[PDB]
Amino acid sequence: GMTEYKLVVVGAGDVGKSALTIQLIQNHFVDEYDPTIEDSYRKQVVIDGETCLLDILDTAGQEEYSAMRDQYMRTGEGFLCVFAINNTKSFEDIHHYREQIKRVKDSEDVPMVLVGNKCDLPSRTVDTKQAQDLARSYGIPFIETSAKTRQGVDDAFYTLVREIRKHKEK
């Protein structure tokens, strides 16, 4: 049959949360101005030979909408924490997302995956080693992606599903 996974994509504005999601859901890349308030998707995929149903919440990076984080952090079971490799502030924001998720769930064991997006660009301000050290500190996977070329997109979502499943099978 089929297990349901509640994924939530979080991160600063314009890091590519929606572009990553739309590659997975609609198999194209759009370069348009369309800031998210909150979008919801569902998709059935096969991960490790098991059919899975993905419930994907694509959240607002614009800080004016920060009041709705508490709700979606309560309902999500795993979090794709996305920064852009050319935006130092978005990298630093990862710590704030992680600490709010840990408070709201009252846990230090929350499934999450660190995603460094826009790796197709030669404009990099966050070194891969810096991101690997942060992920290693948190004990979570780190994946470099490009929503524009689709590099790493499926692996980012599938890795989060596998972290959630590991957590549910404890």
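For every residue, the number given is its place in the sequence shown, counted from 1.
- In this entry, 102 to 110 shows the higher mean Cα temperature factor of the pair 64 to 72 and 102 to 110.
- The PDB entry assigns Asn117 a C-alpha temperature factor belonging to the lowest third of its chain's modelled residues.
- The deposited CA B-factor of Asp39 belongs to the lowest third of values across its chain.
- Among the modelled residues of its chain, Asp58 has a C-alpha B-factor that falls in the lowest third, as given in the PDB entry.
- In the deposited entry, the Cα temperature factor of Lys170 places it in the highest third of its chain's modelled residues.
- When all modelled residues of the chain are sorted by CA temperature factor, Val46 is found within the lowest third.
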